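>>> Quick one, what's the 3D model for this:
(chains A, B, C, D, E and F, ligands or ions: 1)
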Amino acid sequence: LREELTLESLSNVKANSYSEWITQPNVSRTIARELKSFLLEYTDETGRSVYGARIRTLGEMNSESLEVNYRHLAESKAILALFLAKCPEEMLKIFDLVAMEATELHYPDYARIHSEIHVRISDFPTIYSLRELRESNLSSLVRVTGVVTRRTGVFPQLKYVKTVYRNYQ
Amino acid sequence: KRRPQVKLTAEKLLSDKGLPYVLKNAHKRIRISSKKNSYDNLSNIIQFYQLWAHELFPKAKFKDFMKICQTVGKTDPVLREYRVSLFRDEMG
Amino acid sequence: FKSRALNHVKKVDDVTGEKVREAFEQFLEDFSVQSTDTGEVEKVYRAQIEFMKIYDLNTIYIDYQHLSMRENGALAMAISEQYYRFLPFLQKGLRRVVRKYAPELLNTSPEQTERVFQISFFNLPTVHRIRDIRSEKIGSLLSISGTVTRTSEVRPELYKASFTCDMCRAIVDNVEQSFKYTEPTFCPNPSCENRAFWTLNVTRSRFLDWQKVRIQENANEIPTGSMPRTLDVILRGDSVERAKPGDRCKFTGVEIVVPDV
Amino acid sequence: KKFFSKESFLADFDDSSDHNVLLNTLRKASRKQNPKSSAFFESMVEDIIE
Amino acid sequence: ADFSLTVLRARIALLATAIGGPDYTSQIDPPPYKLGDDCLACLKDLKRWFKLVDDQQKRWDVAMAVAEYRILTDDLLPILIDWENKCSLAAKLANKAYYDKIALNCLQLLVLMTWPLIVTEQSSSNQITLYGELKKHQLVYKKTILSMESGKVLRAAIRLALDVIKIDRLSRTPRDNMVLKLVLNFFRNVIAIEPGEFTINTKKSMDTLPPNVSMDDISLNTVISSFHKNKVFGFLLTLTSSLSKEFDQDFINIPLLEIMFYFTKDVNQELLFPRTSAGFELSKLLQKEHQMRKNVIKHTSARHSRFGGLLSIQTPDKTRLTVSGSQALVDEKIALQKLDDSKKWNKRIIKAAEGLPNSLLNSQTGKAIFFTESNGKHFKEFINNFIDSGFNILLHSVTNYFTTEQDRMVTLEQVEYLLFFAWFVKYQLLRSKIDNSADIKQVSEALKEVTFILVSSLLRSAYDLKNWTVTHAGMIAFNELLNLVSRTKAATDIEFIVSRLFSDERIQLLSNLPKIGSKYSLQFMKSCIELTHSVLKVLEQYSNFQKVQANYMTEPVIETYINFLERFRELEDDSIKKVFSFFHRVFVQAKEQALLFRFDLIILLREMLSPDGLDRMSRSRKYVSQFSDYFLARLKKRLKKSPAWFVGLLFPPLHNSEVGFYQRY
DNA sequence: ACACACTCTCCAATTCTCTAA
Ligand SMILES: [Zn+2]
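Residues are numbered from 1 along each chain as shown, chains lettered A, B, ... in the order given. The structure is reproduced below:
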């Protein structure tokens, strides 16, 4: 509960699978602290912290999506990049809940503008066409290219199963 | 009430339809021969008893007929009276 | 509580399967063909296992002529005429040998699941036509040739399943599927009786690659006044997307019978 | 008849005689790898200054 | 509460990390583990969590916590193995006490976690809940312990023993002797863990190996290999053989009995003697498969399943029946069988042993366990050296223990003793049957009077209290004593032992035994039959006999014999020879013909003699046909002399005084 | 409303046990 792990302690996956290791409370709190420490601290060679500048422009446009480059996350705290590649569906939940703290540090009461922020990953370093996908790729993050053949109209969709909705296509 | 169950009983055996038919006919029914195999003659003995058992009480499998007969044969006093009567007839 | 053990559980066992298993074991150990250039025993299949260890492969190829000359041909006959019965026993036989000589291959960091080996055969005595498939040959080992006309996209097939109960925290594992999607019969925890609301754990369950292809008879073989028949063929594992439409191919495997699901 | 004595056993006990690339990359990097956050707050404070 | 439970689990995890960890400066990819501090307190507090909390509350929750955090696989084995390898290298060259202390306190936890599991109606609901899952985890423990560096942790345990072998018994403190008990108590648990038994609550009438475990990990064959490479068999052999010389017998000999029980249990002795070979017998088995296929074909119609017409069969008295199918048109036997087969009812049926892992007592032992060539010869070498070296001294000590302690016994120790006796006596008899190099003097301690009295007393007391499992096991042991006596008489005191073995009281007991067997499982009746055969044969070669044989012949024994015989499809070739030996004795020699004139025997001879059942060329058919010919001859004579027996054949014989005597003769 | 699938309930058939002649 109270105690936290070191980053070196996370080098050894101790449970029988990745997802059952990320979801534990102490491990999750350690990952949240390390991601917040990464987001507040990464720099260009000129100093000039890029993500502080991006959070600044997030409110200037009243936007909803923060963008994170994968190469930056791999350049330091590499194990988090590995976990993200293996278990995106959990890692992005934790990352979004950190990103909201980072944005509220700039703009208090930004929750009144938007209630939730999504992290967008960029420059994932491996690519497939639609040939190479196999069953081993299931639940893993992938990067794909092609031509969009057909598009539906936009609809609302029930978010939770008092009610809330989201767009869908 | 639900309909009561139907069972084999000593009254059926002691009926004219029952056991007296076997003693009236078994001397004429079965016939062994040295001229046929042990398996052949052994298969011959069970024909008459199987058909008789079906004619008496078609409920159950043949083994079940025998093993049901064991209980009432050992327990009922009237049936035992009939059997000692048979062996007294031979003592006569 | 009225706890009770399954005292009567002791199973029936097929002796032929075990003897075939531990004879195929010996064949893998000591086929002992001599070298291509010299009179020196080479033991090619152990070398092939070592090759697979070097390159992390998952399939092994066997020559039917090599099996034909082994032990007066009885083992080859048993494998040929009753492939569907004896295929699990061959897998069990190969697993022990790979454990003996290359335990690194048994696994596919956290724990690593087991490798699903594949046995393959080639150089069978004769090739049949699509027109020669007859129901007397169901379950046997065969080889077939024809022209490809269609292919399906690769899809994941559920191989072994694992479920968890909604009304209580209990887990069922290693459920077997065959032709239709199949789910447990009871809640294993006796404190709960709910049969409904299972969910398939995608992480713990295991899948396989699966592809459908369609073939027709060779044009030069069609008899007088007749027209070509067609057939559907299943490909799995490392052989998916190997076939191409319009090409001529030769297949081998076993013919099966599929229900109306 | 055998005996298998103690002293023999004590004496004899001792004397007897592609993600494949990326995984290695990230593992090695992981093994190899308030004033520090001041740049972030500076970017925040520049809105006050400019 | 749940939060208190998870608080204890988190405490156990923080203790599972304070223990220490490997070194990240090392540049050695990976290094071994590296040691923490407060670790004495950590191990001690973990021991307290087992003993002072879990045992006092009867939970197994603490074991679930340590299994969750994988303490055994992760920390204890590398700690012990690092200690072993460090001291090993130091021995190659040829505060250190603190290292030795940590070794001891790691081994004790290893013994505790792998301790075998017992469930009763007095176990807590918590333990009953947790039984099925801890079984899985203990299977994982067995695999992991046998796997690491090809099982090197087992060398540490015997080095701990070697420290206490070292100096004279006259010096050895009680705490010193507890080590020598502990090291064997470890091996008993490592052998004893095996695949689970499924258990459910009988509320409604409607595999457990985890994903990381397989059979070849868990089989006894693996245990033989692992033990041989890690130098265990020498340790057991040298410890048991010199047991007589002032090793304090009290601390060692019962655990050392339990080991020998725990890997004799699932071996048939014929598998260890042979009596391209595999392929040859496989081909022969395929011929047998072809015969079964032929049997199915002979009942298969030529034309398809919807071609079939209809048949009508008319009885005497002109009543008619109806049956379908094409084969019924030609085969009246098949038509008669098929007619009765449609009828729905079957009479529901009555059912003896519980509380003991699987053994000969409650499993069909016509199913071997399978060995590598090296494992086969190594195991043969081990038990052969055991018999030639250790058997008599071990049995003398353990038997002169139990005579002074019989009243205090528990069911485990009785069944253990009785199935150790039997296995080794039988194996020596077979080995000396095979070859002259072996001799029977190696097992001769069994015959001396005290052990005979003790086996007799166990059988007596078990029979009186109606404890049927110990009765079964005592039956098996007493069978082997009689067989060994019949061996030695075929070569002084042995006749005295026979005369005391066959006092009238024992004849009453041994005559009583087959009668109750009718109700029980198949193995019980088979044990009764084989014991009866041996008993009667020994008293045949005593020259009393007519008194004894008339004691055996009556209705309930014949009932047991027929009830056993009708399951012939599951039985061996030999047991049927024994049964028909007994029937020859009853029918021809004793001339008590009236017992067998009962109808359910006449069905059995049809089933067993038909083309359905016993093979056309098996040796059984000689005996069966040669018996049935004479049987029907005498039956013909009896039936024509007195026609009343037609009605007699259905029922039991009639016990009235005045008619019964002429009935029986 | 008309065949089906599935659940629930009660009652008597059966075997087991104890006692005395
Ligand atoms: Zn449930």
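>>> which secondary structure element contains the most centrally placed residue in chain D?
Taking CA atoms, centre = their mean, the centroid of chain D lies closest to residue D:31, which sits 6.0 Å from it. Here residue D:31 sits within helix D:19-32, counting by DSSP states H and E.
>>> Quick one: list the elements packing against that helix.
In terms of contacts (3 or more CB pairs under 8 Å, 6 or more residues apart in numbering or on different chains; DSSP states H and E), helix D:19-32 is packed against helix A:78-86. (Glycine included, C-beta is placed from N, CA and C.)
>>> Give me the buried stretch members for the helix holding residue D:31, please.
D:25-27, D:29-30 (16 or more other CB atoms under 10 Å in any protein chain shown).
>>> burial measure for residue 30, as a count.
This is for chain A. Neighbourhood size, residue A:30 [other CB atoms under 10 Å in any protein chain shown]: 18.
>>> meant chain E, my bad for not saying
10.
>>> residues in contact with it?
Contacts of residue E:30 were listed using CB atoms under 8 Å, 6 or more residues apart in numbering or on different chains, and they are residue E:22.
>>> Next: residue C:127.
By CB under 8 Å, 6+ apart, residue C:127 lies in contact with C:143-145, C:250.
>>> For those, pick the one with the most neighbours.
Neighbour tally across the contacts of residue C:127 (other CB under 10 Å): the maximum, 19 neighbours, falls on residue C:144.
>>> Export stretch B:28-39 to PDB, keeping only CA atoms.
Provided in PDB are the C-alpha atoms of stretch B:28-39 (Å, rounded to 0.1, in the frame of the first residue of the first chain):
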ATOM      1  CA  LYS B  28     -40.400 -82.900 -24.100                       C
ATOM      2  CA  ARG B  29     -38.800 -79.500 -24.800                       C
ATOM      3  CA  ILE B  30     -35.100 -79.900 -24.200                       C
ATOM      4  CA  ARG B  31     -32.900 -82.600 -25.800                       C
ATOM      5  CA  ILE B  32     -29.100 -83.000 -25.400                       C
ATOM      6  CA  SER B  33     -27.000 -84.900 -27.900                       C
ATOM      7  CA  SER B  34     -23.400 -86.100 -27.700                       C
ATOM      8  CA  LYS B  35     -23.600 -85.600 -31.500                       C
ATOM      9  CA  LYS B  36     -23.400 -81.800 -31.000                       C
ATOM     10  CA  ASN B  37     -20.900 -79.600 -29.300                       C
ATOM     11  CA  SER B  38     -20.900 -78.500 -25.700                       C
ATOM     12  CA  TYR B  39     -21.600 -74.900 -26.900                       C
END
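>>> does that stretch come close to chain E?
Yes. On the criterion CB under 8 Å from any CB of the partner chain, stretch B:28-39 is in touch with chain E at B:32, B:38-39.
>>> Nearest to chain E within chain C, name that residue for me.
Residue of chain C nearest chain E, by CB to the nearest CB: residue C:71 (3.4 Å).
>>> isn't that residue right up against residue C:23?
Yes. Counting by CB atoms under 8 Å, residue C:23 is a contact partner of residue C:71 at 7.0 Å.
>>> Mind listing the shared neighbours of these two?
Residues touching both residue C:71 and residue C:23 (CB under 8 Å, 6+ apart) are E:279, E:282.
>>> Between those two, which has more neighbouring residues?
Taking other CB under 10 Å, residue C:71 and residue C:23 do not tie; residue C:23 has more neighbours (23 against 17).
>>> Contacts only, for that one.
Counting by CB under 8 Å, 6+ apart, residue C:23 touches C:71, C:75, E:278-279, E:282.
>>> related to what we said a few turns ago, Throw the contacts of residue C:127 into TSV and include distance to chain A and secondary structure, thanks.
Shown next, in TSV, are the contacts of residue C:127 (distance: CB to the nearest CB, whole Å; DSSP: H, G, I helix; E, B strand; the rest coil):
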residue	distance to chain A	secondary structure
C:143	27	strand
C:144	26	strand
C:145	26	strand
C:250	24	strand
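>>> Any part of the host helix or strand of residue E:471 near chain C?
According to DSSP H and E, residue E:471 maps onto helix E:468-489. No. If you take CB under 8 Å from any CB as the test, helix E:468-489 misses chain C, and the best it gets is 12.2 Å.
>>> From chain E, how far out is the residue in chain D that chain C sits nearest to?
For chain D and chain C, the shortest gap (CB to the nearest CB) falls at residue D:23, measuring 8.8 Å. From residue D:23 over to chain E the distance is 14 Å, taken as CB to the nearest CB, to the nearest Å.
>>> hang on, that residue packs against residue A:79?
No. Counting by CB under 8 Å, residue D:23 does not reach residue A:79; the two are 11.3 Å apart.
>>> The residue of the stretch 1-150 of chain E found nearest chain A: what's it in contact with?
Here the stretch 1-150 of chain E gets closest to chain A at one residue, residue E:24, 6.1 Å apart by CB to the nearest CB. For residue E:24, the contacting residues are A:8, D:31, by CB under 8 Å, 6+ apart.
>>> picking that back up, nearest residue to the residue of chain D closest to chain C in space, ignoring adjacent ones along the chain?
Closest residue in space to residue D:23, ignoring its immediate chain neighbours: residue A:82 at 7.4 Å, by CB to CB, 6 or more residues apart in numbering or on different chains.
>>> I'd say the one you found and residue D:26 touch.
Yes. Between residue A:82 and residue D:26 there is a contact under CB under 8 Å: 4.7 Å.
>>> quick one, helices of chain B?
Ranges of helices within chain B are B:10-14, B:19-29, B:38-56, B:62-75, B:77-91, based on DSSP state H.
>>> hmm, the shortest one in reach of chain E?
No. Looking at helix B:10-14 against chain E by CB under 8 Å from any CB, there are no contacts, and the closest approach is 9.4 Å.
>>> which other helices and strands contact that helix?
If contacts are counted by 3+ CB pairs under 8 Å, 6+ apart, helix B:10-14 sits against helix B:62-75, helix B:77-91.
>>> which other residues reach that helix?
Outside helix B:10-14, the residues within contact range by CB under 8 Å, 6+ apart are B:18-19, B:56-57, B:69, B:72, B:76, B:78-79, B:82.
>>> switch the cut-off to 7 Å
Defining contact as CB atoms under 7 Å, 6 or more residues apart in numbering or on different chains, one finds that helix B:10-14 is touched by B:18-19, B:56-57, B:72, B:76, B:78-79, B:82.
>>> Now do the one residue in chain D that gets nearest to the ion against residue A:89, distance only.
Closest to the ion within chain D is residue D:19: 37.8 Å, counting by CB to the ion. Applying CB to CB, to the nearest Å, the value for residue D:19 to residue A:89 is 18 Å.
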